[PDB]
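Participant: What follows is a single structure, and I will ask about it in a moment.
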Amino acid sequence: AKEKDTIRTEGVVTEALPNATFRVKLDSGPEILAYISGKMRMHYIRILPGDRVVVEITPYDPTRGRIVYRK
Amino acid sequence: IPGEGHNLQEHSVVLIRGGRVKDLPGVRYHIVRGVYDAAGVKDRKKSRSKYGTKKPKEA
RNA sequence: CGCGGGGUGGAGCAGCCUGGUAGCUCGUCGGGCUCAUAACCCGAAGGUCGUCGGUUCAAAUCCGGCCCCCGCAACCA
RNA sequence: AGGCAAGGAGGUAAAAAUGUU
RNA sequence: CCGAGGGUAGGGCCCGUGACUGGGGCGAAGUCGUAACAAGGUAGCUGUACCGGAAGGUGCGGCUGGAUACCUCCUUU
RNA sequence: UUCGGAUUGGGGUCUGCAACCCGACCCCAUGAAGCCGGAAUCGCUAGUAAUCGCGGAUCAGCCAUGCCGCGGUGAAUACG
RNA sequence: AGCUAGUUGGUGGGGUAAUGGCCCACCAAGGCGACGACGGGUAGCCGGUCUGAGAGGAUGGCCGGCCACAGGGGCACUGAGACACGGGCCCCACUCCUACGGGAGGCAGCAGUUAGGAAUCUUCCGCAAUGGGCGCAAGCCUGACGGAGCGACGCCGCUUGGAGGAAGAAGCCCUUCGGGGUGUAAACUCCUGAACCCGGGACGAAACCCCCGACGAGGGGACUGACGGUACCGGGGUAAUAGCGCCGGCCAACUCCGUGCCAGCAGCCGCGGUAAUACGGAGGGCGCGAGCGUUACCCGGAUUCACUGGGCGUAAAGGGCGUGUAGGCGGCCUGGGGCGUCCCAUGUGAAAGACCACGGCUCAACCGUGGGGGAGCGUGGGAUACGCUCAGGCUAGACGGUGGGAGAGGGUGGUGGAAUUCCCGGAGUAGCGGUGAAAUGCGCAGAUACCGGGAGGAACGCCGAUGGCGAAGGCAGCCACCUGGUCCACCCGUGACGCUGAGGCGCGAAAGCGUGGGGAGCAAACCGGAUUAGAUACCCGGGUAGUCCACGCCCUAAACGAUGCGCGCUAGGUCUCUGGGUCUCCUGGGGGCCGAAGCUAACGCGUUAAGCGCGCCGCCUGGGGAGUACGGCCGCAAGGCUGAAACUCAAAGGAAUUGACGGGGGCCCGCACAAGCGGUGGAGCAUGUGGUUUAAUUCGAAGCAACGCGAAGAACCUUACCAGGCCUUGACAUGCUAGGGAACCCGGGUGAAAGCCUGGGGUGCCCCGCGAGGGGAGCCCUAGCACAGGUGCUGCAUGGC
Ligand SMILES: [Mg+2]
Ligand SMILES: [Mg+2]
Ligand SMILES: [Mg+2]
Ligand SMILES: [Mg+2]
Ligand SMILES: [Mg+2]
Ligand SMILES: [Mg+2]
Ligand SMILES: [Mg+2]
Ligand SMILES: [Mg+2]
Ligand SMILES: [Mg+2]
Ligand SMILES: [Mg+2]
Ligand SMILES: [Mg+2]
Ligand SMILES: [Mg+2]
Ligand SMILES: [Mg+2]
Ligand SMILES: [Mg+2]
Ligand SMILES: [Mg+2]
Ligand SMILES: [Mg+2]
Ligand SMILES: [Mg+2]
Ligand SMILES: [Mg+2]
Ligand SMILES: [Mg+2]
Ligand SMILES: [Mg+2]
Ligand SMILES: [Mg+2]
Ligand SMILES: [Mg+2]
Ligand SMILES: [Mg+2]
Ligand SMILES: [Mg+2]
Ligand SMILES: [Mg+2]
Ligand SMILES: [Mg+2]
Ligand SMILES: [Mg+2]
Ligand SMILES: [Mg+2]
Ligand SMILES: [Mg+2]
Ligand SMILES: [Mg+2]
Ligand SMILES: [Mg+2]
Ligand SMILES: [Mg+2]
Ligand SMILES: [Mg+2]
Ligand SMILES: [Mg+2]
Ligand SMILES: [Mg+2]
Ligand SMILES: [Mg+2]
Ligand SMILES: [Mg+2]
Ligand SMILES: [Mg+2]
Ligand SMILES: [Mg+2]
Ligand SMILES: [Mg+2]
Ligand SMILES: [Mg+2]
Ligand SMILES: [Mg+2]
């Protein structure tokens with residue numbers, strides 16, 4: 001089925017954490033745990049604090065996200 | 001919770017069947033789709049007894 | 001403008017006090033060194049040594065005028 | 001005196017940090 | 001009289017919670033540093049002592065699960 | 001400086017439709033810097049380095065002092 | 001880790017059906033305990049059941065036995081028998097009624113309600129059978145029981161058809177577009193006839209009862225079914241439920257789309273970040289089948305707690321060693337006993353189950369009959385090889401004597417020089433010290449260096465070792481004293497005295513702590529300097545504790561041979577120390593090295609085993625958590641010993657190998673440095689580039705291996721860049737629709753050219769026709785098209801080079 005409820009909202013990176021997990025403050029409002037894309041990791045695209053990435057968000061829990069796009 | 005997208009919420013009644021999941025830390029327990037407020041996965045058609053999904057009624 | 005301690009390569013400072021010696025530190029240009037950025041390490045300039053004339057055998061170095069600069073007197077009124 | 005050495009000697013510089021693909 | 005049990009002090013265990021506090025496992029791109037692994041750039045490890053953000057560091061002693069030869073000069077074959 | 005040739009002015013000559021940007025070349029004048037070059041650093045062990053000139057290709061012409069090729073003169077020093 | 005005060009024994013008495021600390025009075029002072037008492041937890045126990053090759057391991061559902069309890073607790077009474085489930089009294093708790101004084105209850109009986117919970121049944125019929133109780137008996141009870149009901153809850157049995165029937169229908173999927181699969185599956189034809197109806201329809205039930213017979217034995221008779229109008233049999237009679245898991249490896253079975261480290265799957269390995277054999281679907285397949293999976297729990301596999309059957313040098317693991325108690329274990333001979341041990345006989349090991357046979361229910365399940373076995377335990381008889389035990393003996397073990405020896409063994413008492421440092425004397429002058437460099441530092445108050453004397457404290461150079469000693473930690477000046485161990489010769493003496501060793505006692509580097517001394521050097525902490533992005537470090541200079549001793553404590557360790565001790569056996573050689581010999585070579589006792597057999601994961605080990613054995617002890621059972629916690633003991637404290645789990649991870653680990661690397665080593669090379677000649681960097685210019693500028697300064701080349709390079713020829717061309725003007729199937733290719741004109745040149749205007757507009761010479765070919773005229777080829781133009789074109793982007797998509 002792939003539930004396409006996936007919330008494609010932008011956020012500027014507040015903070016860096018390990019394993020490429022990042023508190024990113026959103027255009028939407030909150031700062032929530034959002035970890036990297038696999039794609040980005042593969043491509044070695046270094047997320048650094050102060051960047052407008054696209055944090056994909058689950059409707060089950062927005063408090064965790066997933067970074068999609070390169071800054 | 002397995003499946004493809006839970007109907008579950010916050011104060012709904014659920015069933016555990018146990019069993020470790022390797023990736024996830026400290027989780028030793030599968031919620032089992034079918035019974036209670038853990039309703040089944042819509043449009044499973046193959047592996048569905050593991051998932052509380054009753055038959056696709058045929059014509 | 002009183003007072004009195006100074007302006008040092010370009011920047012911050014030593015040497016001023018026992019007078020002959022300009023030093024360090026930072027930077028700029030070459031070069032090394034690397035995969036490089038180095039750091040580094042080499043060198044290359046660059047000081048009216050705030051100045052003026054005075055001393056001496058010799059002056060940043062010693063007395064002064066200054067241009068000052070920082071000041072602090074310029075307060076009790 | 002050489003042959004092969006045995007044994008004690010004091011030198012073999014001191015650094016050295018980083019990694020966008 | 002014996003006597004279940006009750007009461008009153010005192011402990012014991014055990015459950016519940018419990019302000020307070022210790023607090024460990026893992027984690028690709030956390031932060032500081034680079035300890036260790038090559039003599040890892042001061043051999044390391046070690047037991048203990050004190051100290052330090054921290055890895056640790058030093059001291060005393062032990063160990064080898066440690067690496068190591070190449071020139072010159074004196075005594076002697 | 002009769003070393004040394006930059007730069008510039010003037011006149012030309014040739015090739016090409018055309019040399020101003022942007023050619024080569026000739027002539028005459030001009031005659032700058034430079035007195036063997038810091039720390040560095042490259043080349044080379046034999047007809048070699050060094051020096052000296054010629055030819056070629058591309059090409060109308062040539063900015064070629066390049067590249068490729070050829071020959072002439074002809075070293076030094078290698079302990080290690 | 002100690003427990004016990006009726007607690008252990010006794011006299012008397014009570015009590016009991018009966019013994020007894022069951023209880024009481026009194027005396028005695030035991031009794032138990034590491035061969036695990038007491039305490040805490042867990043738990044009804046067994047026959048069994050499951051598993052398992054077995055030994056075991058788990059478990060104790062139902063059915064059988066025993067036990068214990070009937071809300072919790074306590075007590076008696078009656079009785080053959082209870083400490084009495086549907087009996088009593090009392091208290092407590094709870095529910096119920098109350099005219100508040102009080103009474104009544106007990107489903108852990110069936111059944112059911114409720115609660116808890118993942119989860120568990122009918123408020124069933126019947127006394128017919130069996131049993132039970134009462135009764136002369138009739139009979140009466142009987143939720144014991146017999147049955148039915150519910151649940152795929154389990155096991156077994158069957159049905160969802162069978163036969164035919166395409167080189168192969170469709171539907172659906174794949175495709176290499178040929179084809180293949182689904183699949184003889186279907187449809188269809190033939191036959192059966194689960195279901196369902198009609199007909200009959202029970203065994204189980206012959207006793208107890210009556211009468212003959214004595215109310216006996218024996219004989220005749222009759223009544224008596226919940227199941228159930230079920231089982232079944234006869235006749236008829238319809239093709240009439242298929243599902244679930246999986247499909248990467250283990251592990252049986254593969255493809256397509258969807259998805260693209262997301263959604264997801266997972267039991268582990270792990271799969272997924274664009275054709276996923278692993279995710280979602282589809283088909284296809286495989287496994288089972290009225291089931292199939294999942295989860296829990298248990299065994300197995302797991303020889304992963306190891307008796308059969310693991311180990312301990314490095315992997316987890318040898319205790320730090322000594323002595324030593326319990327315990328375990330014990331040389332040779334000769335006999336007695338006969339406990340262990342073995343055998344036979346027999347008793348017991350209930351039934352059910354397990355096992356084998358046969359029988360019955362249409363099979364099987366299930367049940368029956370028969371049989372055997374069965375570990376263990378008793379009893380009687382024996383056996384004496386071994387173990388035990390008692391006796392006698394023996395010298396191979398062990399211990400001892402005599403003769404010696406090596407020795408840093410340990411303590412006590414002294415003493416010897418070298419050195420340092422400190423003081424004084426001398427003489428001396430300008431620095432010394434220090435480092436990769438320097439600085440702090442000390443020194444003209446005269447240091448550093450040098451002599452002379454003294455003060456003291458510490459350690460002991462050379463011998464010195466791969467050496468010796470010790471049980472180990474450890475131990476070195478020298479002397480003496482006391483004193484431990486040890487080793488050999490002689491085999492003289494004892495006659496198994498032995499080996500180990502839980503505990504226990506004893507020792508125990510170094511640091512550390514206490515009291516007091518001592519204090520030269522060194523030297524944590526500390527202060528300095530430097531070094532450094534920082535320096536709490538290396539380095540240097542001071543410096544307190546401490547190092548040193550005495551007493552006392554601490555007791556750890558890479559307390560290492562990372563190897564417990566003991567004894568026996570099993571090729572050597574070689575050096576080494578130390579003893580005796582008949583002394584170039586034998587024979588003992590140590591220390592090393594290399595190696596037979598063998599062992600081991602390899603490394604290695606290898607008469608000094610890690611080999612073959614045996615004895616005994618100490619540990620180990622994934623890592624991390626963690627030597628931590630909690631408790632306990634010790635300690636003046638520091639901390640030690642003892643020693644977990646929760647959790648968490650599919651590793652942690654060893655050994656070797658290939659590499660790779662090393663601010664590791666050696667050998668070797670090169671114009672790589674040296675040796676030499678000449679340059680370059682400096683001057684100008686010639687050029688290429690980096691930058692900046694520009695409308696654009698074409699794009700690329702990047703340390704060597706980019707830079708007189710691609711550019712081996714940029715005025716235009718080149719030319720890819722920019723301004724302007726213009727063109728469009730287009731400069732070029734192979735076609736189409738076609739429409740006219742069409743081979744072709746000669747011009748004119750505009751314009752920087754390109755181009756645009758435009759005139760006019762100008763059609764022959766193949767041809768058919770007398771001619772008018774018509775078509776097609778070559779060839780060219782216009783409109784749309786197939787298409788061109790792109791030095792346009794990707795050399796981490798590439799080929800070539
Ligand atoms: Mg979305
Ligand atoms: Mg180190
Ligand atoms: Mg009595
Ligand atoms: Mg209890
Ligand atoms: Mg229990
Ligand atoms: Mg029973
Ligand atoms: Mg009761
Ligand atoms: Mg009850
Ligand atoms: Mg009685
Ligand atoms: Mg009763
Ligand atoms: Mg419930
Ligand atoms: Mg009834
Ligand atoms: Mg009656
Ligand atoms: Mg009744
Ligand atoms: Mg029954
Ligand atoms: Mg699945
Ligand atoms: Mg799978
Ligand atoms: Mg699948
Ligand atoms: Mg064993
Ligand atoms: Mg093993
Ligand atoms: Mg180990
Ligand atoms: Mg003994
Ligand atoms: Mg014996
Ligand atoms: Mg039996
Ligand atoms: Mg003196
Ligand atoms: Mg020894
Ligand atoms: Mg004798
Ligand atoms: Mg004798
Ligand atoms: Mg004897
Ligand atoms: Mg002390
Ligand atoms: Mg004290
Ligand atoms: Mg000192
Ligand atoms: Mg310091
Ligand atoms: Mg020091
Ligand atoms: Mg030792
Ligand atoms: Mg021992
Ligand atoms: Mg061998
Ligand atoms: Mg060996
Ligand atoms: Mg072994
Ligand atoms: Mg410890
Ligand atoms: Mg403790
Ligand atoms: Mg290794």
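In the structure tokens, the first chain shown is A, the next is B, and so on; residue numbers restart at 1 for each chain, and ligands run from 1 in the order shown.
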Using only C-alpha atoms (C1' of nucleotides), I'd like every residue of chain B that has an atom within 12 Å of chain G; please write them out as a ChimeraX atom specification.
Facilitator: /B:1-5,14-33,35-36,41-52,55
Participant: Could you list the protein, DNA and RNA residues that have any atom within 9 Å of ligand 23, counting only C-alpha atoms (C1' of nucleotides) and all ligand atoms, and write them as JSON, numbers by chain?
Facilitator: {"G": [330, 331, 387, 388]}
Participant: Store the residues of this selection in a file with N, CA and C atoms (P, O5', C5', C4', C3', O3' and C1' of nucleotides), as a PDB file, in the first residue's frame.
Facilitator:
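Result file result_7.pdb:
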```pdb
ATOM      1  P     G G 330      42.310 -46.819  47.127  1.00  0.00           P
ATOM      2  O5'   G G 330      43.841 -47.081  47.457  1.00  0.00           O
ATOM      3  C5'   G G 330      44.804 -47.021  46.397  1.00  0.00           C
ATOM      4  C4'   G G 330      46.197 -46.965  46.956  1.00  0.00           C
ATOM      5  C3'   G G 330      46.698 -48.254  47.600  1.00  0.00           C
ATOM      6  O3'   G G 330      47.721 -48.931  46.897  1.00  0.00           O
ATOM      7  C1'   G G 330      47.127 -46.368  48.996  1.00  0.00           C
ATOM      8  P     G G 331      47.651 -50.521  46.742  1.00  0.00           P
ATOM      9  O5'   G G 331      49.192 -50.907  46.718  1.00  0.00           O
ATOM     10  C5'   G G 331      50.202 -49.883  46.817  1.00  0.00           C
ATOM     11  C4'   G G 331      51.514 -50.406  46.295  1.00  0.00           C
ATOM     12  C3'   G G 331      51.715 -51.907  46.455  1.00  0.00           C
ATOM     13  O3'   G G 331      51.254 -52.580  45.292  1.00  0.00           O
ATOM     14  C1'   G G 331      53.489 -50.767  47.514  1.00  0.00           C
ATOM     15  P     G G 387      43.226 -54.906  46.286  1.00  0.00           P
ATOM     16  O5'   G G 387      42.054 -54.010  46.884  1.00  0.00           O
ATOM     17  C5'   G G 387      41.765 -52.719  46.329  1.00  0.00           C
ATOM     18  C4'   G G 387      40.482 -52.190  46.900  1.00  0.00           C
ATOM     19  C3'   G G 387      40.411 -52.126  48.415  1.00  0.00           C
ATOM     20  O3'   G G 387      41.078 -50.985  48.945  1.00  0.00           O
ATOM     21  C1'   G G 387      38.382 -52.982  47.544  1.00  0.00           C
ATOM     22  P     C G 388      41.890 -51.085  50.335  1.00  0.00           P
ATOM     23  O5'   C G 388      40.753 -51.408  51.400  1.00  0.00           O
ATOM     24  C5'   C G 388      39.828 -50.383  51.779  1.00  0.00           C
ATOM     25  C4'   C G 388      38.764 -50.953  52.674  1.00  0.00           C
ATOM     26  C3'   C G 388      39.242 -51.477  54.014  1.00  0.00           C
ATOM     27  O3'   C G 388      39.327 -50.365  54.900  1.00  0.00           O
ATOM     28  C1'   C G 388      37.674 -52.983  53.054  1.00  0.00           C
TER      29        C G 388
END
```
Participant: Enumerate residues in contact with ligand 33: an atom-to-atom distance of at most 8 Å, counting only C-alpha atoms (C1' of nucleotides) and all ligand atoms. Format the result as a list in words.
Facilitator: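 What falls inside 8 Å of ligand 33 is residues 528, 529 and 535 of chain G.
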Participant: Do me a favour and pick out the residues of chain E within 12 Å of chain B, using only C-alpha atoms (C1' of nucleotides), as a PyMOL selection string.
Facilitator: chain E and resi 25-27
Participant: Could I get the residue neighbourhood of ligand 41 at 9 Å, counting only C-alpha atoms (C1' of nucleotides) and all ligand atoms, as a PyMOL selection string?
Facilitator: chain G and resi 629-632
Participant: Any idea what the distance is between atom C1' of residue 561 of chain G and atom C1' of residue 38 of chain E?
Facilitator: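 Pair atom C1' of residue 561 of chain G / atom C1' of residue 38 of chain E returns 28.8 Å.
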Participant: Near chain A, which residues of chain E fall within 9 Å when you count only C-alpha atoms (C1' of nucleotides), and what do they look like as a PyMOL selection string?
Facilitator: chain E and resi 27-30
Participant: Could the residues in this selection be saved with N, CA, C and O atoms (P, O5', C5', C4', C3', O3' and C1' of nucleotides) as a PDB file, in the first residue's frame?
Facilitator:
```pdb
ATOM      1  P     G E  27      28.459  -0.389  19.349  1.00  0.00           P
ATOM      2  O5'   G E  27      27.796   0.956  18.802  1.00  0.00           O
ATOM      3  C5'   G E  27      26.728   0.896  17.836  1.00  0.00           C
ATOM      4  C4'   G E  27      25.968   2.200  17.746  1.00  0.00           C
ATOM      5  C3'   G E  27      26.768   3.478  17.603  1.00  0.00           C
ATOM      6  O3'   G E  27      27.447   3.631  16.357  1.00  0.00           O
ATOM      7  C1'   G E  27      24.914   3.860  19.013  1.00  0.00           C
ATOM      8  P     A E  28      29.015   4.024  16.339  1.00  0.00           P
ATOM      9  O5'   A E  28      29.328   4.215  14.784  1.00  0.00           O
ATOM     10  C5'   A E  28      29.441   5.518  14.164  1.00  0.00           C
ATOM     11  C4'   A E  28      29.604   5.368  12.662  1.00  0.00           C
ATOM     12  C3'   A E  28      29.493   6.641  11.820  1.00  0.00           C
ATOM     13  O3'   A E  28      30.397   6.632  10.712  1.00  0.00           O
ATOM     14  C1'   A E  28      27.706   5.147  11.293  1.00  0.00           C
ATOM     15  P     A E  29      31.652   7.645  10.666  1.00  0.00           P
ATOM     16  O5'   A E  29      30.994   9.066  10.976  1.00  0.00           O
ATOM     17  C5'   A E  29      31.636  10.048  11.823  1.00  0.00           C
ATOM     18  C4'   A E  29      30.614  10.988  12.429  1.00  0.00           C
ATOM     19  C3'   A E  29      29.259  10.362  12.778  1.00  0.00           C
ATOM     20  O3'   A E  29      29.101   9.841  14.110  1.00  0.00           O
ATOM     21  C1'   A E  29      28.968  12.216  11.289  1.00  0.00           C
ATOM     22  P     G E  30      29.807  10.514  15.412  1.00  0.00           P
ATOM     23  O5'   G E  30      29.098  11.939  15.533  1.00  0.00           O
ATOM     24  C5'   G E  30      29.868  13.123  15.810  1.00  0.00           C
ATOM     25  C4'   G E  30      29.088  14.123  16.632  1.00  0.00           C
ATOM     26  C3'   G E  30      29.952  14.979  17.540  1.00  0.00           C
ATOM     27  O3'   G E  30      30.579  16.010  16.791  1.00  0.00           O
ATOM     28  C1'   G E  30      28.190  14.078  18.812  1.00  0.00           C
TER      29        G E  30
END
```
Participant: When you draw a straight line from atom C1' of residue 261 of chain G to atom CA of residue 40 of chain A, how long is it in Å?
Facilitator: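 Atom-to-atom, atom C1' of residue 261 of chain G and atom CA of residue 40 of chain A are spaced 10.8 Å apart.
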